[PDB]
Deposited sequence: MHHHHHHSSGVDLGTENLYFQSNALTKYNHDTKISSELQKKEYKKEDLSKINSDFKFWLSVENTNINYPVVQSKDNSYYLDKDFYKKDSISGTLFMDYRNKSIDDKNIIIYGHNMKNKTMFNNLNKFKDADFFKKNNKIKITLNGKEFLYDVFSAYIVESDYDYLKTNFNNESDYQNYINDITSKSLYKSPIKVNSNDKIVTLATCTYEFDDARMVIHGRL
């Protein structure tokens, strides 16, 4: 079990989140907290002006190979139809490494929910698609529904949870494993 500077920073931020501290006063790019059931994915999510800055920057904007979970720069609100979050597949089983656990068919059949915590509110997304390999803007309902059929049939396993254009989707993509949840 490796203990390095990155696992210490992330473990300290999980404690501050548990102590209900305002993480925005540490990093103004902070948007919400993210966790996935039955995984060690329990990290803050930030957002920059692009989709590359936090690839090699930790929550304190220092150089880090683990980086920070960051949401796509194109997304604007929690009411967007597809919220995309990017994270690394670290060899020490951190960040988005536990997305690989959704390759297991028995684990996938278990309803592991994606949890977004924002302003004292919990948003639960039931995972319905997981596969190995991303649109944030949809012009109309047809483009969104086509996107739903696209990622549903891409799933390695049929999910008992079905999704239509009346749902909101969250996407956890590695920067490659990719999973999709629905609200």
Compare what was deposited with what's modelled and send me the C-alpha-less stretches, numbered from 1.
1-25, 159-164, 207-213
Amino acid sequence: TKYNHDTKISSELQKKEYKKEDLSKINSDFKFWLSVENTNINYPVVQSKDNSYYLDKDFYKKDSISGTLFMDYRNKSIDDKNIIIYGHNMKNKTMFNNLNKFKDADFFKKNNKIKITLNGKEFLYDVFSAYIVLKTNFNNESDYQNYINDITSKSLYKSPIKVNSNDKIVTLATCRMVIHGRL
From here on, numbers count along this sequence of modelled residues.
Averaging only over Cα atoms, indicate whether 106-114 or 92-100 has the higher B-factor in the PDB entry.
106-114
In the PDB record, does 160-168 or 13-21 carry the higher mean Cα temperature factor?
160-168
Among 48, 136, 129, 38, which carries the highest Cα B-factor?
136
Just the C-alpha B-factor column, please: which of 155, 42, 64, 27 has the biggest number?
155
Split into thirds by Cα B-factor across the chain's modelled residues, where does residue 7 land: lowest, middle or highest?
lowest
